[PDB]
């Protein structure tokens, strides 16, 4: 879908409730521990990125422990974890990767500091 590139960003620090409850808003950042693994790497398309983003998320012993066994299996193959029934909208039932600065204005497709994880209800809302 998109064009290749190298992931960049510092990521942000998160606790052991990364997605569940947030200390800030209804949007969760790219764990700095994760950003450190995808930094300076090229991905054929942003989907290739999200695919690997979730993979690493399942390799981290601290964040994975916060997901069920089923949600863990999903991320291991590169799929976004399922949300809770109350955060689902339509057929979208998985966590989504949003872009702070549209690929339009200043792009920044792999700018890990430009990407935040959100729920459909939210993404659809913040649109």
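Numbering follows the first chain given and starts at 1.
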Stretch with the greater mean C-alpha B-factor as recorded in the entry, comparing 116-124 against 1-9:
1-9
Of 69-77 and 44-52, the stretch whose C-alpha atoms average the higher B-factor in the entry
44-52
Please say which third, lowest, middle or highest, residue 26 falls into when its CA temperature factor is compared across its chain.
highest
Lowest, middle or highest third: where is residue 100 by C-alpha B factor in its chain?
highest
